[PDB]
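Chemist:
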Amino acid sequence: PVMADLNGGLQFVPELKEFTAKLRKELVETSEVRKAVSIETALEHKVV
Amino acid sequence: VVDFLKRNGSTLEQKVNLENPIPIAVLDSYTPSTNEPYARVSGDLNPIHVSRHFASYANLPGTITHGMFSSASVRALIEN
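First to last, the sequence lines map onto chains A and G. So the first sequence is numbered by the entry's author numbering: it starts at 921 and just counts up by one. So the second sequence is numbered by the entry's author numbering: it starts at 1516 and just counts up by one.
(1) Using a Cβ cut-off of 7 Å, pull out every chain G residue sitting near residue 967 of chain A, in sequence order please.
(2) Kindly give me the distance between the Cβ atoms of residue 1564 of chain G and residue 1574 of chain G, rounded to whole angstroms, as I take these residues to be in contact under 8 Å.
(3) Does the beta-carbon distance from residue 1583 of chain G to residue 1557 of chain G come in below 8 Å?
(4) Residue 949 of chain A CB to nearest chain G CB: under 8 Å?
(5) Give the secondary structure of residue 945 of chain A by DSSP, where H, G and I count as helix, E and B as strand, and everything else as coil.
(6) Less than 8 Å between CB atoms is the rule here; does residue 960 of chain A satisfy it with respect to chain G?
(7) Identify, in the order they occur along the chain, each residue of the same chain with its Cβ nearer than 8 Å to the Cβ of residue 1547 of chain G, setting aside the five sequence neighbours on each side.
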């Protein structure tokens, strides 16, 4: 019987769980803050 | 700077309404005979309340009282 590790090396990056859970927790921040800052400046531009 | 405080934040309103209004009194006062006694005290010699050749000049009902007298009387109507 053979095993065939077609894994890119993801057994080496250590503590991948939150290493993963951080990469996306940042992609929602950088996404949502540029959702909120963008709409209010566009809203700022509507009161001046 | 208020808009961004309107929808983002609240209004720290120091005025807090009571649950149910409670009436204190319903009273009556009397506008003076003439506006001369008040006009001499307040230093307000405004000829709209004493003279008649002026209230009629300003299309007014007549030699009206002083509004400030009306305020002070109602305030006195309250302190008691």
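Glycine included, every Cβ here is placed at the ideal spot set by N, Cα and C.
Modeler: Straight from the coordinates:
(1) The count along the first sequence starts at 1 and reaches residue 967 of chain A at position 47. Those within 7 Å of residue 967 of chain A in chain G are 1518.
(2) One-based indexing of the second sequence puts residue 1564 of chain G at position 49. One-based indexing of the second sequence puts residue 1574 of chain G at position 59. No, residue 1564 of chain G and residue 1574 of chain G are not in contact; Cβ-Cβ is about 15 Å, not under 8 Å.
(3) Taking the second sequence and counting its residues from 1, one reaches residue 1583 of chain G at position 68. Taking the second sequence and counting its residues from 1, one reaches residue 1557 of chain G at position 42. Contact: yes.
(4) Taking the first sequence and counting its residues from 1, the one referred to as residue 949 of chain A is at position 29. False, the Cβ-Cβ gap to chain G never drops below 8 Å.
(5) Taking the first residue of the first sequence as 1, we reach residue 945 of chain A at position 25. Note: residue 945 of chain A maps to helix in three-state DSSP.
(6) Within the first sequence, residue 960 of chain A is the residue found at index 40, counting from 1. Judged by the 8 Å Cβ criterion, residue 960 of chain A is in contact with chain G.
(7) As a first step, residue 1547 of chain G is located in the second sequence; it is residue number 32 there, counting from the start. 1553, 1580, 1584.
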